[PDB]
Amino acid sequence: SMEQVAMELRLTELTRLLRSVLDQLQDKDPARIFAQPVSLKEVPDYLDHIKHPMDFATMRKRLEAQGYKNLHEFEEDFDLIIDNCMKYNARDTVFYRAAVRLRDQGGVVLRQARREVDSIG
Numbered sequence: 022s023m024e025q026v027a028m029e030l031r032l033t034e035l036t037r038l039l040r041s042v043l044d045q046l047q048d049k050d051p052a053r054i055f056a057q058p059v060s061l062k063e064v065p066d067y068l069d070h071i072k073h074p075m076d077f078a079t080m081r082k083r084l085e086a087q088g089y090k091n092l093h094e095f096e097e098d099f100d101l102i103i104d105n106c107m108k109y110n111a112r113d114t115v116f117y118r119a120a121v122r123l124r125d126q127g128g129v130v131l132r133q134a135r136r137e138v139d140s141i142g
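Per the deposited numbering, the very first residue in the sequence shown carries number 22; after that it's consecutive.
Laid out in structure tokens, this is it:
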């Protein structure tokens with residue numbers, strides 16, 4: 022149908038906007054601490070601590086499959102990156118500190134993304 026096509030175009034355009042959001046958020050992690058999944062070879066007990074792992078490569082796979090239906094779902098995954106790190110790692114670590122900076126700096130980017138998604142429908 023023409024309606025299913027129009028909906029597919031809306032999803033494609035959301036995917037385009039979220040791809041730009043993801044790029045901007047990932048620039049706020051210049052050390053690449055959140056780039057890839059925590060290695061279960063190197064942290065073999067991680068899943069005993071963290072039940073829903075997340076990282077920027079995993080978000081990118083979901084994005085490219087158009088697997089985000091709205092900005093809320095995308096923010097949920099970004100928040101897991103931050104929140105998983107801040108639980109697993111102690112406050113006095115480079116990991117925790119990197120998450121705090123990513124959270125603080127990403128808030129700005131996400132604030133305007135919310136407006137652009139509401140604005141452009």
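Every residue, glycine too, gets a C-beta built ideally from N, C-alpha and C.
Thinking C-beta only, is residue j closer than 8 Å to residue i?
i: residue 92; j: residue 132; result: no
i: residue 52; j: residue 119; result: yes
i: residue 84; j: residue 30; result: no
i: residue 65; j: residue 79; result: no
i: residue 123; j: residue 87; result: no
If contacts are defined as beta-carbon pairs under 8 Å, then residue i and residue j qualify, I think. What distance do you get, rounded to the angstrom?
i: residue 141; j: residue 109; result: Not a contact, Cβ separation roughly 36 Å.
i: residue 138; j: residue 38; result: 7 Å
i: residue 130; j: residue 45; result: 5 Å
Hey, how far is the Cα of residue i from the Cα of residue j?
i: residue 100; j: residue 126; result: 13 Å
i: residue 40; j: residue 82; result: 11 Å
i: residue 106; j: residue 50; result: 13 Å
i: residue 76; j: residue 98; result: 8 Å
i: residue 113; j: residue 90; result: 37 Å
i: residue 104; j: residue 63; result: 20 Å
i: residue 35; j: residue 96; result: 13 Å
i: residue 121; j: residue 24; result: 42 Å
i: residue 102; j: residue 54; result: 10 Å
With a threshold of 8 Å between beta-carbons, can residue i be considered close to chain B, or not?
i: residue 23; result: Looking for chain B here will not work: only one protein chain is present.
(request) Could you name each continuous beta strand (DSSP E) segment of 3 residues or more that falls completely within the region 91 to 118, going from the start of the chain to the end? (result) DSSP runs (the beta strand (DSSP E)) wholly in the region 91 to 118: none.
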